[PDB]
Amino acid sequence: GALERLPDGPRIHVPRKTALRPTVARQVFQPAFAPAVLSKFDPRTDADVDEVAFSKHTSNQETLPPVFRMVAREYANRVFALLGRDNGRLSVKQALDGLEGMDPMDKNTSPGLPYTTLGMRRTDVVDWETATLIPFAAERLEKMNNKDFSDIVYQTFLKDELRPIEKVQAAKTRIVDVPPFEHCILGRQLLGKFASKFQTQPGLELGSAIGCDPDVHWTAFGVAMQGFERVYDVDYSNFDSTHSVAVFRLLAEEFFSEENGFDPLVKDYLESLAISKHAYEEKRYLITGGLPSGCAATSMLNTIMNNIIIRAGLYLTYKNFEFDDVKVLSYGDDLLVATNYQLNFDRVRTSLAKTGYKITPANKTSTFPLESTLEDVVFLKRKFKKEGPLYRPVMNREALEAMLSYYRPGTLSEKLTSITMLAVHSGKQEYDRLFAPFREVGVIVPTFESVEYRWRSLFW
């Protein structure tokens, strides 16, 4: 239904072999994670990855009940009261250069179709100084500005990453969608002004943690939540389903509307995300619903949708529910619900399942606990550990060991450096155990003390 097989086109190359290699740590930690299946003939699975990866797009939730519109409108009222309604479109120059929020537009990422087929980079189709598009691209941009997105096609391929061993064995590999470079520019033009403000003000009050640095913001998040009787964690990640097409329509006219200061073209841009054409090898699909991955606004849109969805689930479950009975902290598929009331998220799961949405506990458990506090929850693979008046993000041990077990040749040292800043919050003993496989074979790893000093100094 929601997946339409179009006529074939020219074969776009789809990477079929992983760039990930094992480290010396893998034989020590032996993680239940491994590189995703990228090939039909991978011996670690009995399934066909080409079929499994797209089966989520076959069906899609066509409608949503009135409560979703009400919550979207009410969340919009709170967001734009905090952030203001000066949300007009930016110029191409500003989109390329960025603003205070968001770093400048990346010039070495894929420029999408048809440029990749012709062997062109992003630097070929625009000049970063003066922001001038090449004729063909300017025509494409102008065409979109007249509400016509019929030309744009997403470059789709399998995501080369670590997956849980069960997802490896079921060939449940995720998909990357790269939009055309001019479609990204337009996207950043239309949503960038709002994105700058939204992503520089993470916290309970906004309802979003997007754009946070866990090292600093964990203290603020934790302090804001510690007074509540309980905090529940919710996971939205679901390989088998995607966002309702109707959800895009709700955001277009209740959230990202002209009334809240957005450009008239935003509704059309959001529609081009909602229903889009995707090129995968020679196959061409028209997919209904779902959020493309490579768009800059993806995680922002997902975050806002999931914030709306949890309260809608609560309204659907409890007739006496009111918006401010909870506070929400959303980041993509991860969500926290802080409250003084006892809530039964098993019942909320049942409610949301009626509208095609799956929620599960953030930990390994299959059912939600009735009792849960700040010290129990996981958020972005991190717990909240109290350290005087501060909170530190203690990352799950299996996540750390998995990260340390594989790498991409060329960038080992900078991967280890990034992991030291994650592992420091586990304490010196665990820090030294995690990096011991590397140090035993002669690798110099930064000391616990050096990284601990860096974090502590953030609050002096």
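Position 1 is the first residue in the sequence shown; the rest follow in order.
J.: Which wins on mean Cα temperature factor, 242-250 or 130-138?
T.: Stretch with the higher mean C-alpha B-factor: 130-138.
J.: Report the stretch with the higher mean CA temperature factor, choosing between 166-174 and 363-371 on the basis of the entry.
T.: Result of the comparison: 363-371.
J.: Identify, among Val125, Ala220, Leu206, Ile210, the residue whose C-alpha carries the highest B-factor in the deposited PDB entry.
T.: Among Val125, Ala220, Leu206, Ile210, the highest C-alpha B-factor in the entry belongs to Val125.
J.: For the listed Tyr357, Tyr285, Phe255, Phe321, which has the peak Cα B-factor recorded in the PDB entry?
T.: Comparing C-alpha B-factors across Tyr357, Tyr285, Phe255, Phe321, the top value belongs to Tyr285.
J.: Tell me, lowest, middle or highest third: where does the Cα B factor of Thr45 rank within its chain?
T.: It belongs to the middle third of the chain when residues are ordered by C-alpha B-factor.
J.: Of the three thirds of its chain by CA temperature factor, lowest, middle or highest, which one includes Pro35?
T.: For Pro35, the deposited C-alpha B-factor lands in the lowest third.
J.: Classify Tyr75 as lowest, middle or highest third according to the C-alpha B-factor given in the PDB entry, relative to its own chain.
T.: Its C-alpha B-factor belongs to the lowest third of this chain's values.
J.: Grab the CA temperature factor for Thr317 from the record and place it in the lowest, middle or highest third of its chain.
T.: Lowest third, going by the recorded CA B-factors of the chain.
J.: Ordered by C-alpha B-factor within the chain, which third holds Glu100? Give me lowest, middle or highest, please.
T.: According to the entry, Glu100 has a C-alpha B-factor in the chain's highest third.
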